[PDB]
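In: No letters, just coordinates:
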Ligand SMILES: *[C@@H]1O[C@H](CO[C@@H]2O[C@@H](C)[C@@H](O)[C@@H](O)[C@@H]2O)[C@@H](O[C@@H]2O[C@H](CO)[C@@H](O[C@@H]3O[C@H](CO)[C@@H](O)[C@H](O)[C@@H]3O)[C@H](O)[C@H]2NC(C)=O)[C@H](O)[C@H]1NC(C)=O
Ligand SMILES: *[C@@H]1O[C@H](CO)[C@@H](O[C@@H]2O[C@H](CO)[C@@H](O[C@@H]3O[C@H](CO)[C@@H](O)[C@H](O)[C@H]3NC(C)=O)[C@H](O)[C@H]2NC(C)=O)[C@H](O)[C@H]1NC(C)=O
Ligand SMILES: *[C@@H]1O[C@H](CO)[C@@H](O[C@@H]2O[C@H](CO)[C@@H](O[C@@H]3O[C@H](CO)[C@@H](O)[C@H](O)[C@H]3NC(C)=O)[C@H](O)[C@H]2NC(C)=O)[C@H](O)[C@H]1NC(C)=O
Ligand SMILES: *[C@@H]1O[C@H](CO)[C@@H](O[C@@H]2O[C@H](CO)[C@@H](O[C@@H]3O[C@H](CO)[C@@H](O)[C@H](O)[C@H]3NC(C)=O)[C@H](O)[C@H]2NC(C)=O)[C@H](O)[C@H]1NC(C)=O
Ligand SMILES: *[C@@H]1O[C@H](CO)[C@@H](O[C@@H]2O[C@H](CO)[C@@H](O)[C@H](O)[C@H]2NC(C)=O)[C@H](O)[C@H]1NC(C)=O
Ligand SMILES: *[C@@H]1O[C@H](CO)[C@@H](O[C@@H]2O[C@H](CO)[C@@H](O)[C@H](O)[C@H]2NC(C)=O)[C@H](O)[C@H]1NC(C)=O
Ligand SMILES: *[C@@H]1O[C@H](CO)[C@@H](O[C@@H]2O[C@H](CO)[C@@H](O)[C@H](O)[C@H]2NC(C)=O)[C@H](O)[C@H]1NC(C)=O
Ligand SMILES: *[C@@H]1O[C@H](CO)[C@@H](O[C@@H]2O[C@H](CO)[C@@H](O)[C@H](O)[C@H]2NC(C)=O)[C@H](O)[C@H]1NC(C)=O
Ligand SMILES: *[C@@H]1O[C@H](CO)[C@@H](O[C@@H]2O[C@H](CO)[C@@H](O)[C@H](O)[C@H]2NC(C)=O)[C@H](O)[C@H]1NC(C)=O
Ligand SMILES: *[C@@H]1O[C@H](CO)[C@@H](O)[C@H](O)[C@H]1NC(C)=O
Ligand SMILES: [Ca+2]
Ligand SMILES: [Ca+2]
Ligand SMILES: [Ca+2]
Ligand SMILES: [Ca+2]
Ligand SMILES: [Zn+2]
Ligand SMILES: [Zn+2]
């Protein structure tokens, strides 16, 4: 679902303005979304200093972004309730050249669109783009994607889903608003050549015998066992003896 | 173990020459090693066509490389007996700005060097470098590294190792020459901003209910089950009931 | 005693080099002396970066300087045994432009030189200089000057002084090596046009009704009284009832009202020049144990508005009701205000309150351990020679446990106080490197004056070292792990090392002067920090 | 003496003949190459005291090639240093004559080589106590004695040697030979002992003014004071001529080292005197 043309790619840090029409709750939610980007990708943000393109975030009507870097600098809107971190993250993924997951070229292999159940005047929000416009980034269609729309989106009747997964399990999943999915990060990283997150400094689960390059001191008396999770109650926290 | 200065980086594909002093076996093995780079990383190689920096591969005395891009273009030696892919990969990792693993700044935390067992005049081959010359790329010391020297490296006595792991199990593993380690690929990717690789087009292990973006036909009769390994005697191949 | 020619003045910060022929102990003591200049004057120092004139500090024969800026750059020697801050300060005053005080043009009006008692070939070190070489900076002759010479200076016979004051009392005072004198700082300020100093950020004794530009909260419940020392039995710490109508302090009564009522006393805004500060103050908590004195910061929220509250340290009531000393490490890098909340706790069980006086705020580390000894004059009479007191166990920033032994009456000499450091076993020892290879002890007998420029705190410095050993521990290092090498004390459930320090750290007849025993009690500061990074 | 700029064109010409004469005297080791004139000071034809900063070529002195016919050594192989010399040139008689010299040489810093290229064969202190060097030279010779049998050859002396350990022990050697009396050639060779299989290689190539040479160990001290006399001390060069021209000469104490130094043939600090 990424915009193919490499000119549409930002160059980090994306300079940003927060407009003063934003509530405090929306300004703080934006900066919290930036921390998630910086924490899960090489995407970075800076305050504005006269750059040619930049995001201005706004409390305009609705919650929306142009897709990819418009080289004049661009609005994003964050209307009421879009203060939720995941909705900021979704709009910033549009700003980072990403279309909705149900707008993939291959989307019809994965999701039904119930055109008959869409509100008249809103069927075009389920358009799909050709592969000259968008890459797959060599990724599968992801139901867990933050870019996906939930089942009850643009529907005539509140009880009837506009969009459903052809693998029927995923009806209970599509359009999650938790966070980026693992494939949304995999895509974002393929799009921006990100190999290292700005804030994940280290992590370790000891699954490997080099213990994540920890060492044991010699000034101390003794050593910690690297323990195999095999004993009757003494399981690890990563796998819980699974 | 990466050469910090970003001026020392290549720009892919690396243009290369195979000199005719290479035996046919050595030419063929070098191309096989490039296919491993192209398969495990975004590193690529092209035949030389007039570029300012390039690698020339030659059968000189022994098997060696300058470290990082020398902008005038540079020799890799692959002397007689160095034809195995892992040795070529090790030398190409030197040309790609890597030092040996036991030359990391922190190496003394992870390996013992038995200085008195090193042959006289060969102590320098165990010189560490400071953090001004080299990055860890925010990665642990990796005993399984291809760059790591074998326990018997420059040793006086063929029964006695020069270098041993402070975690004694890794005595048996230091200086593996199978392949790139997982962390050597991680470091190469963090060095050269890789995420994809040129020659892995897809893979699937089914561990995710998404089934790797596979879909099931409807002009066929039935469906493949996404079968759970929980049923007795009926495990998957990825984990084999582990 | 200042060199008249203005071409001999430095321009700050003085660029410096510490030569590697200096011991670590000397390198640390020189930096500590620079901190005392920055804490009492507008003198400042910097690492050398290729400047024309500079000081290189070295460990040559003896301890000396050229006088004033030599424009090509100049040596200071701190020969072995010269480590103590006052000697370093004396030689840095020579480099700043000051001659010895007994070399003043008018000296003979103030001192006797017993020339026949001087060693032959040393009498020229007692020459007096004319008014064309030197200014008085319009200051009197100062017997308390650090630039003065001890009675026993270059003398033939160890029983006989070379130099005595014409006013015979000052025989007991000449050549003090505590610190800069008040007049030495006034001269230094008059030479270099100083008014501020880099490392005293604020102080308050509440003497003016202005309360040092402190204010009171209005979002709190009530107020601290700006309380007069004239009320019987309720003296402030600045004057302790020594003057009528002039002792003032803040008091927050907890004897009436509800529990958890509070008052904020809040400073004027401060613009820190360093990343760390130490808020010293004196306080009492005579009210119910459940009373709380809570120290807070209000700091710039980064919009330039000083509104971000940060609770930093809570002081709680104890059986002691006399004036305690507090130090709170602040870590402020943006403009701020230090705040005291008092919290009423069970007024039905309070006959008293919380009190504050003698606040001082320095842009320094805090003393790593602080010991008070109460009724010290009464202790000093009651104690036999070679009896001891031991401090409770402090921990340094690295987690080494340590303490000090005070021997109020030295067995090594009559009328001297002996004071010595030791490492203590503590909850961290198992992981710390042993021996204590390069940690630098600074012990100070605090001079209790709020204004740091009015303080002549006696201080002695050593660095725990591999050379420090005894046959009492089979000739092993004193600073090895105290469970191995020290002696046990149920007195704190600790091991303690063999102690090292000074017999006659200070004489009793010196300690009774100034503010070292201000509330008839002694205050000792200890620092014990690694100086390996100076190597 | 008229000190001469290190880039002075007559000095630049003189240096190439002086170096050729220095090689002409050398009866063992390798042909030296100019890196750059670093001193030249002239007594008055013209008598020059000199310091030449120098490299080692890939040719042994017993090989019949002139120094200009030869190549420079690769960075990791490098030997370099200073030659101090005394040389005379008579413009009317076209005379070109080295009188004396002293040359101090070092291998390149084994550390700085490892810093530039980690697997580069590090050079060995040359002696028979390195049994693996003897094994390498005898194996490469034994291979050549099987590659040809029209003649057979014997190891005369091992000259230059390096080793490496990236595939197990790999040794590289250069040595003199004669038949199975004076040498006939220089041979390069190698031995690489992987646990499962040896590898062996070989090449074979086939074939004064008072001074001194030393190959010192790495991390330039030199002496050439032929007199102490401040007035100078006598020399004679009159033997150069078919007719008895009066050509006695003077040596004064050796001159101590703005148009200086000369430009380097290889500017790398790996092969540059301080
Ligand atoms: C009421 O407060 C008193 C102490 O406070 C003082 O008395 C009030 C009535 C007011 O006049 C206050 O302004 C004034 O400061 C509390 O008494 C203290 O109780 C504690 C705990 O039982 C005692 O601590 C012990 O002390 C011994 C040494 O004597 C130690 O060995 C123990 O380890 C432990 O620390 C303390 O001695 C005692 N102090 C006095 C002066 O009596 C009282 O408990 C409190 N009442 C309530 C209901 O909170
Ligand atoms: C993420 O990494 C990509 C490589 O994996 C980068 O892709 C390369 O970007 C180059 C420009 O920066 C492209 O060069 C252009 O190539 C076309 C022909 O394809 C020429 O017409 C252009 O003149 C040429 N531009 C210049 C200035 O020479 C590379 O072709 C391109 N390579 C590939 C495989 O796409 C991405 O730029 C990089 N993205 C980010 C945001 O880091
Ligand atoms: C891998 O990705 C990195 C970003 O995550 C790239 O690093 C950036 O490369 C820029 C050049 O392409 C650097 O800009 C230059 O910075 C220097 C100072 O370091 C300035 O003097 C130059 O003026 C400036 N260039 C211009 C045109 O002004 C960035 O500084 C640098 N950023 C960081 C954080 O390192 C790597 O280049 C890239 N490497 C590879 C092998 O792909
Ligand atoms: C502390 O305050 C002093 C004043 O109370 C300063 O003294 C003044 O310094 C000036 C230079 O900064 C002097 O000007 C020079 O005077 C000499 C004759 O003394 C002339 O030859 C020079 O031409 C003149 N300079 C110029 C540029 O013309 C003042 O004369 C001098 N005033 C007095 C009364 O001495 C101290 O310099 C100052 N100390 C510091 C460290 O700032
Ligand atoms: C929304 O959709 C539901 C399901 O299609 C409709 O619910 C049915 O309505 C009929 C009457 O028209 C009832 O007899 C059925 O019992 C209902 N089914 C259920 C599951 O409750 C509903 O009418 C639709 N509403 C609108 C406004 O379109
Ligand atoms: C090489 O190392 C081995 C192993 O340490 C040495 O073997 C010892 O040899 C002596 C006799 O020379 C025996 O008494 C010991 O029992 C052997 N030790 C072991 C552990 O087997 C060997 O001598 C060494 N050789 C050299 C040349 O260093
Ligand atoms: C500081 O004192 C030292 C010791 O005399 C000076 O160091 C050497 O002194 C002798 C005599 O001046 C000279 O021959 C050496 O050349 C000096 N060496 C150096 C490194 O200076 C030193 O010059 C004095 N002054 C300073 C500014 O360092
Ligand atoms: C140092 O000064 C003292 C005080 O004048 C001298 O003390 C006298 O010493 C002699 C014995 O040598 C005694 O007989 C006197 O009674 C002492 N006098 C007093 C007042 O105690 C001492 O001799 C002097 N020493 C020197 C070397 O000059
Ligand atoms: C790669 O190694 C070869 C080893 O032969 C280098 O080539 C020699 O370089 C020197 C100095 O330029 C010349 O004197 C020799 O004549 C060269 N020999 C050959 C066979 O060409 C070469 O310079 C090295 N570097 C590169 C980038 O090729
Ligand atoms: C100190 O002296 C007072 C009398 O002024 C006495 O009541 C008090 O108990 C003494 N305190 C100590 C600790 O000796
Ligand atoms: Ca341990
Ligand atoms: Ca099907
Ligand atoms: Ca007061
Ligand atoms: Ca109030
Ligand atoms: Zn002095
Ligand atoms: Zn290598």
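Out: Here it is on my side, so go on. Residues are numbered from 1 along each chain as shown, chains lettered A, B, ... in the order given. Ligands and ions are numbered 1, 2, ... in the order given.
In: Now residue D:147: closest residue in space that isn't a chain neighbour?
Out: residue D:202 (7.2 Å; Cβ to Cβ, 6 or more residues apart in numbering or on different chains). Yep, even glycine has a C-beta here, placed from its N, CA and C like the rest.
In: ok, that neighbour touching residue D:187?
Out: Yes - with contact defined as Cβ atoms under 8 Å, residue D:202 and residue D:187 form a contacting pair (5.9 Å).
In: Please report phi then psi for the closest residue to ligand 7 within chain A.
Out: Of all residues in chain A, residue A:219 sits closest to ligand 7, at 39.6 Å by Cβ to the nearest ligand atom. For residue A:219, the backbone dihedrals are phi -60, psi -40 (criterion: degrees, to the nearest 10).
In: ok, how many other residues are close to it?
Out: 10 (other Cβ atoms under 10 Å in any protein chain shown).
In: on that earlier part again, contact partners for the residue nearest to residue D:147?
Out: Going by Cβ atoms under 8 Å, 6 or more residues apart in numbering or on different chains, residue D:202 touches D:140-141, D:143-144, D:147, D:187-190.
In: Keep only those of these that are in helices.
Out: Per DSSP state H, helices hold the following members of those: D:140-141, D:143-144, D:147.
In: on that earlier part again, give the residues shared as contacts by residue D:202 and residue D:187.
Out: Residues touching both residue D:202 and residue D:187 (Cβ under 8 Å, 6+ apart) are D:140-141, D:144.
In: Of the residues you listed, which is the most crowded?
Out: Using other Cβ under 10 Å as the neighbour criterion, residue D:140 leads the shared contacts of residue D:202 and residue D:187 with 26 neighbours.
In: measure it to residue A:102 for me?
Out: Separation of residue D:140 from residue A:102 (Cβ to Cβ, to the nearest Å) stands at 71 Å.
In: Show the end-to-end separation of stretch D:220-238, please.
Out: Length of stretch D:220-238, first residue to last, Cα to Cα, to the nearest Å: 34 Å.
In: Flag every residue of the stretch 51-200 of chain D that's near ligand 14.
Out: Neighbours of ligand 14 within the stretch 51-200 of chain D, by Cβ under 5 Å from the ion: none found.
In: hang on, the earlier thing: got the contacts of residue D:202 as TSV, with distance to ligand 9 columns?
Out: Output for these, formatted as TSV (distance: Cβ to the nearest ligand atom, whole Å):
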residue	distance to ligand 9
D:140	19
D:141	23
D:143	22
D:144	21
D:147	22
D:187	18
D:188	12
D:189	17
D:190	15
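In: got those residues as JSON lines, with distance to residue B:157 columns?
Out: Listed next are those as JSON lines, based on distance: Cβ to Cβ, whole Å:
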{"residue": "D:140", "distance to residue B:157": "24"}
{"residue": "D:141", "distance to residue B:157": "26"}
{"residue": "D:143", "distance to residue B:157": "27"}
{"residue": "D:144", "distance to residue B:157": "31"}
{"residue": "D:147", "distance to residue B:157": "33"}
{"residue": "D:187", "distance to residue B:157": "29"}
{"residue": "D:188", "distance to residue B:157": "28"}
{"residue": "D:189", "distance to residue B:157": "25"}
{"residue": "D:190", "distance to residue B:157": "23"}
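In: Pull out the buried residues from stretch A:96-116.
Out: If you call a residue buried by 16 or more other Cβ atoms under 10 Å in any protein chain shown, then stretch A:96-116 has these buried ones: A:96-105, A:107, A:110-111, A:113-114.
In: That one: end-to-end distance?
Out: For stretch A:96-116, the first-to-last residue distance is 32 Å (Cα to Cα).
In: can you check stretch D:63-75 too?
Out: OK, stretch D:63-75 end separation, Cα to Cα: 22 Å.
In: right, is that stretch up against ligand 9?
Out: Yes - applying Cβ under 6 Å from any ligand atom, one finds stretch D:63-75 touching ligand 9 at D:71-72, D:74.
In: isn't residue A:184 right up against residue A:139?
Out: No - applying Cβ under 8 Å as the test, residue A:184 and residue A:139 come out as separate, 9.2 Å apart.
In: These two: which has the busier surroundings?
Out: A count of neighbours by other Cβ under 10 Å puts residue A:184 above the other of residue A:184 and residue A:139, at 25 against 18.
In: Which of the three states applies to the more buried one?
Out: helix (DSSP: H, G, I helix; E, B strand; the rest coil).
In: what's it in contact with, if anything?
Out: When contacts are counted by Cβ under 8 Å, 6+ apart, residue A:184 touches A:93, A:142, A:145-147.
In: can you pull out the strands in the stretch 151-274 of chain D?
Out: D:153-164, D:170-179, D:185-194, D:197-202, D:205-206, D:211-215, D:233-236, D:248-251 (DSSP state E, counting those that start in this stretch).
In: now chain A
Out: Using DSSP state E, the strands of chain A run over A:2-3, A:14-18, A:45-47, A:55-58, A:74-77, A:111-113, A:134-135, A:163-165.
In: Name the nearest residue to residue A:203, ignoring sequence neighbours.
Out: Of all residues not flanking residue A:203 in the chain, residue A:212 sits nearest, at 7.7 Å (Cβ to Cβ, 6+ apart).
In: neighbours of that neighbour, just the number please.
Out: Neighbourhood size, residue A:212 [other Cβ under 10 Å]: 13.
In: ok, it to ligand 1 distance?
Out: Between residue A:212 and ligand 1 the computed distance is 46 Å (Cβ to the nearest ligand atom, to the nearest Å).
In: Give me the phi and psi for the most centrally placed residue in chain A.
Out: What sits nearest the mean C-alpha location of chain A, by Cα atoms, centre = their mean, is residue A:180, with 3.1 Å. Main-chain torsions, residue A:180, degrees, to the nearest 10: phi -60, psi 140.
In: what about it, distance to ligand 3?
Out: Applying Cβ to the nearest ligand atom, the value for residue A:180 to ligand 3 is 19 Å.
In: Which helix in chain A has the most residues?
Out: helix A:24-40.
In: For it, name the packing helices and strands.
Out: Helices and strands touching helix A:24-40, as assessed by 3 or more Cβ pairs under 8 Å, 6 or more residues apart in numbering or on different chains; DSSP states H and E, comprise strand A:14-18, strand A:45-47, helix A:85-95.
In: Just the buried residues of it, please?
Out: Neighbour counts over helix A:24-40 (16+ other Cβ under 10 Å) mark A:26-27, A:29-30, A:33-34, A:36-38, A:40 as buried.
In: returning to that earlier point: kindly present the helices and strands packed on helix A:24-40 as CSV, with separate columns for mean neighbour count and distance to residue D:18.
Out: Putting these into CSV (neighbours: other Cβ atoms under 10 Å in any protein chain shown; distance: least, Cβ to Cβ, whole Å) gives the following:
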stretch, mean neighbour count, distance to residue D:18
strand A:14-18, 19, 66
strand A:45-47, 14, 64
helix A:85-95, 21, 72
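In: give me the residue from chain A nearest ligand 3.
Out: Per Cβ to the nearest ligand atom, residue A:42 is where chain A lies closest to ligand 3, at 5.9 Å.
In: Next up, the contacts around that residue.
Out: Taking Cβ under 8 Å, 6+ apart as the test, what residue A:42 contacts is A:12, A:189, A:192-198.
In: Same check on residue A:105?
Out: Listed by Cβ under 8 Å, 6+ apart, the contact set of residue A:105 reads A:128-131, A:134, A:136.
In: one more time with 7 Å, if that's ok
Out: Applying Cβ atoms under 7 Å, 6 or more residues apart in numbering or on different chains to residue A:105 gives the contacts A:128-131, A:134.
In: can you tell me which of the residues you listed are in helices?
Out: Among the contacts of residue A:105, no member falls in helices (DSSP H).
In: Smallest distance to ligand 12 belongs to which residue of chain A?
Out: residue A:166 (10.6 Å; Cβ to the ion).
In: Please name the nearest non-neighbouring residue to that residue.
Out: Distance criterion Cβ to Cβ, 6+ apart; nearest residue to residue A:166, sequence neighbours excluded, is residue A:110 at 5.9 Å.
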